[PDB]
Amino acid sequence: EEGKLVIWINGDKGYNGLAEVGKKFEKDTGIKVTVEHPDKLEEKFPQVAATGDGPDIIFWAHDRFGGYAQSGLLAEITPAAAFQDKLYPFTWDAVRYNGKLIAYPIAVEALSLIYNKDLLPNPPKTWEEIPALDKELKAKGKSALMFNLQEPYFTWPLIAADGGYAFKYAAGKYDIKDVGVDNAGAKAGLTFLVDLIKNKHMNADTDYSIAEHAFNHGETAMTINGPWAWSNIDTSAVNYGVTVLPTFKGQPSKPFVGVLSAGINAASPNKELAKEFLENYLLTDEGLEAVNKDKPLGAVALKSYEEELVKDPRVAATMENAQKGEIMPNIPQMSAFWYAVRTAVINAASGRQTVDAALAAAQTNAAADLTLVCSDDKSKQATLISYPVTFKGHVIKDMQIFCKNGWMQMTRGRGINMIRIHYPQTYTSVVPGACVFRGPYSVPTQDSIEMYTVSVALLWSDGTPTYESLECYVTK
């Protein structure tokens, strides 16, 4: 709707403060500003913006914006040099996609270790110490650590500590072909997490609100969270510190660093109003103050403000953790990475898959966009799903699936491609066209399980071949 600004931002952010900024905007321009916090908005935005609908402005960490830009959902930003100089350059670099500025950077985000000083004056420096510490607190009616296990954002710092990575950065770009989900380091880290759960130091079902409640009411000595979380702790009775994440196998935990960013919907008729709102209301000492006061932003992108923020030790700790991590890629393939790791962590933590199997499925999903939906019952068939998210640059051109009975080609277009995979011995005769698992194979680790597998050959646009396999496991 023209003559009005609609803003979407995550419900864990400073939306009331931004609303107050919006009030400051309406009052001067007569233009009403409505701030909303849709659920799973990072998914809902590309859905509705694609229909020409949605907000004028969308706020999210920069990693999602490359996908948005590739789908044509974001207007190009062209700020003056003067405005550009007001913000730190690396924050601008975070919002650049295939050459163009696709958003306004706002603040730099990283997870930190947050601890209750009255329970735990000297918090552990290593993950390895948490079990012994938990045993001591449990006797006192408390627990050592609770944090959100449902979102891979929070568990990634540990998985990445021993060598896990999303995409390798080489020769001036992310190498979409070199995916780090499945390696020895990632396995060691996720195994440590799963072991914390097996040993009842953490609970697989723990989510954001459970961990927030447990920490802010004094039940658990530590939590892992970002700056947005500090204001609720300020309200609580907890005297807290914000410090460096614990090390794992002697290496720093490596949080993925986000830059909170504001994109303008390409379909918005209101773009000039959105630009002026963002530049002359939101990014100002006053506006950033308003939002930061409602819920802290971390290290803001605005130079004038940063100088006052660097004095807040919580922000300093934030930047200390950021320096030990890595800025998130913004490439479209990140959406497949995050989906794949979310599934792996949830499945490993619950005990539905082993760490090795979970990561192996995650690796293939993040790298090749292939998901295999297994059935516990052999008589019900598996489904292989191909769902490409990257349409530009180095991409898989050709895909061949190796099934027990031969090779079959599978195309990559924008859309979704699904085939059934049959377990062998299931059909009384050979079914024309059907892809059949190789197996059953033994699994040395677990004696009660049978493995089935198919293989895949990938031909990249540059001629590079690569190979994947996908497994399903079944109880005998």
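One-based numbering along the sequence shown.
Chemist: Between 249-257 and 279-287, which has the higher average C-alpha B-factor in the PDB entry?
Modeler: Looking at the record's C-alpha B-factors, the answer is 279-287.
Chemist: On average, are the C-alpha B-factors higher in 180-188 or in 395-403?
Modeler: Result: 395-403.
Chemist: Can you tell me which of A340, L119, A80, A166 has the maximum CA B-factor listed in the PDB entry?
Modeler: Of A340, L119, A80, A166, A80 has the highest C-alpha B-factor.
Chemist: Compare the CA B factors listed in the entry for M222, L273, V345, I159 and report the winner.
Modeler: Largest recorded C-alpha B-factor: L273.
Chemist: Can you tell me whether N417 has a C-alpha B-factor in the lowest, middle or highest third compared with the other modelled residues of the same chain?
Modeler: It belongs to the lowest third of the chain when residues are ordered by C-alpha B-factor.
Chemist: Looking at the temperature factor on the CA atom of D376, which third of the chain's modelled residues does it land in?
Modeler: Highest third, going by the recorded CA B-factors of the chain.
Chemist: Could you tell me which third, lowest, middle or highest, the C-alpha B-factor of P55 occupies within its chain?
Modeler: Top third by C-alpha B-factor.
Chemist: Where does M319 sit by CA temperature factor within its chain: lowest, middle or highest third?
Modeler: As the PDB entry reports it, the C-alpha B-factor of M319 lands in the middle third of its chain.
Chemist: Taking the entry's C-alpha B-factors for this chain, is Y305 in the lowest, middle or highest third?
Modeler: It falls in the top third of the chain.
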